[PDB]
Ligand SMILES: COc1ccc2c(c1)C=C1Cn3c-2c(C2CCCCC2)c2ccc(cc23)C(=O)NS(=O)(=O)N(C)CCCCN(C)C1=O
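Encoded as structure tokens, the following chain is the form deposited without the named molecule, with no partner shown.
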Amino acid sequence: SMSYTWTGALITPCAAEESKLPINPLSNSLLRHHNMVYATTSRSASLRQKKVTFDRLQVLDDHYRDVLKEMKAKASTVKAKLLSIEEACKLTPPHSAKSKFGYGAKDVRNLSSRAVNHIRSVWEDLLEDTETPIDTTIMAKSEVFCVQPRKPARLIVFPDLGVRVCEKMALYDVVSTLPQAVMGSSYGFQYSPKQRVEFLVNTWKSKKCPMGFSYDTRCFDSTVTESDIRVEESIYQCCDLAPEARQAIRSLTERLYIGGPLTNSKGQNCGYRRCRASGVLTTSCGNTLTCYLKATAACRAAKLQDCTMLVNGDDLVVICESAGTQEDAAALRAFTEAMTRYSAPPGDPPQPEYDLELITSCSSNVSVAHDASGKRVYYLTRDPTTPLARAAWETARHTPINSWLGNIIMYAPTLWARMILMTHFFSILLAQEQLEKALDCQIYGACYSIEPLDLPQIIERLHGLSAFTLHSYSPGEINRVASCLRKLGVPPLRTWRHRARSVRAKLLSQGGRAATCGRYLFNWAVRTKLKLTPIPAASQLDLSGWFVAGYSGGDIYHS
């Protein structure tokens, strides 16, 4: 069937849409070429619509069926729990889109009478009505990027807040536990960046002659078929479930997940969806299971030897045993034709790689640096272009989510996050005297409230003390960073070092947690290094839950 059907009504914005980076003294000190930074808007929606609208092709074979059964066998060991209304409410983000039924996220979290009562009625409706398609709103996603030598906005589809709370009750536990049970070490969201690097490195070194490749599916969500979504449900159904959860899952599958009507911000009928909606609770888990199922089966059909996969939603990376240059190239081609038959055609053509550091998965690549002892240490990095552009945007405009904070946490060991992001934002927080202000950021799609002053402990727990001592980065990594800066008009690293020295001194003079940030975060800035010992508060933070599962588009808030 067609992934989408359109009536002609336009995808409209619910407010003014900013697309240009403001000329601000704070953002200008970080990035001067402001005209190179832009934010996607509804103005390019039609372009996106064109790319994601097509008739899907899907042929399932014995390999697919074999792998599916293997997966259901593992799903069968799972017992999922129904979340209470209260628990589901507490998982709703403070700034989540309000319901059209007279209440918002605030009311949901405070368990207000109107919100709870409506949520109960929506739940009872899921138990009673197994067929009526649930309404969804379609919006053009607002994302920031750097112009290329531009990207159309992504389309986000989500149901009303009441429905979202119900999804949590019936499926939060399932999407939080089932993926790991089914895919084991292949489920990427169970790993912190350091553990992900560890897994990739060990897997790579565990092969006699390793060969790896990233596989980019062309607009994955639109390739997900009704069959795929019902197969996904068949896996969920293997869990032990409360009767009402089993029905809610059955109802949500047919009324929402497999497709439904699309309504714009103006309340007009935009068309119909018959593929994956980006904004429902099962999207991350569903895409991961679907991608893993198809790829595992495709690997068998292609005859790839000793395959080890790592999947994060629609992002896939495979490491296997090389069978020779020409043999690998032909096998990868076969793999792609098998994925294509499974309705997961390639976006960027896949290519075999024989150097782990040259593989990009989850927009990241493995690289090497050295610790104080001089020992080699692997860590996760990426091209800093998007992170810097977004840091500049969030510097000039207020944003609910701070990608810069999430980037510092996730890429704390990198040359760019340390010299630029930390320096830039700590200097601003110092000037505005807001170091003790907790800020929101997302990790694997879930929203977290984090205090900047706790970054030293956080970083130590997730990355280890080496994150504060890495040096002698690879020439390739240094060049990528340096060239990126010249491109964006970001001051050269020498300028950042000078600014860092001043930020460090200021932080130390304040003492307390502030001084700790100066000592650990900026020890790289001084020649007379200080002794960095394990932070007492570090080995005490409850980071359990940070890297358990993916929740992108899931409307999840962890507190």
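Residue numbers here begin at 1 and follow the sequence given.
This protein has a second form, the form solved in complex with the named molecule, left out of what is shown; the following refers to that one.
When the named molecule is superposed onto this form from its pose in the bound PDB entry, three or more of its atoms come within 2.4 Å of a backbone or C-beta atom, and the site is therefore classed as blocked. Interface residue among 294, 273, 164, 424 relative to the named molecule in the bound PDB entry, by the heavy atom within 4.5 Å criterion: 424. Shown without its partner, this chain lists 298, 115, 344, 389 as candidates; in the bound PDB entry, only 389 has a non-hydrogen atom within 4.5 angstroms of the named molecule.
Interface residue remark: residue 33 is counted as part of the site for the named molecule in the bound PDB entry, having a heavy atom within 4.5 Å.
Taking non-hydrogen atoms only, residue 176 never approaches the named molecule to within 4.5 angstroms in the bound PDB entry. A residue is said to contact a partner when one of its heavy atoms sits within 4.5 Å of a partner heavy atom; residue 464 fails this definition for the named molecule in the bound PDB entry, lying far away. For the chain shown alone, residue 513 is not a contact residue for the named molecule in the bound PDB entry, no non-hydrogen atom being within 4.5 angstroms. Heavy atoms within 4.5 Å of the named molecule in the bound PDB entry map, among the stretches 126-134, 226-234, 328-336, 391-399, onto 391-399 alone. The three marked residues, 37, 420 and 491, each reach the named molecule in the bound PDB entry, with a heavy atom inside 4.5 Å.
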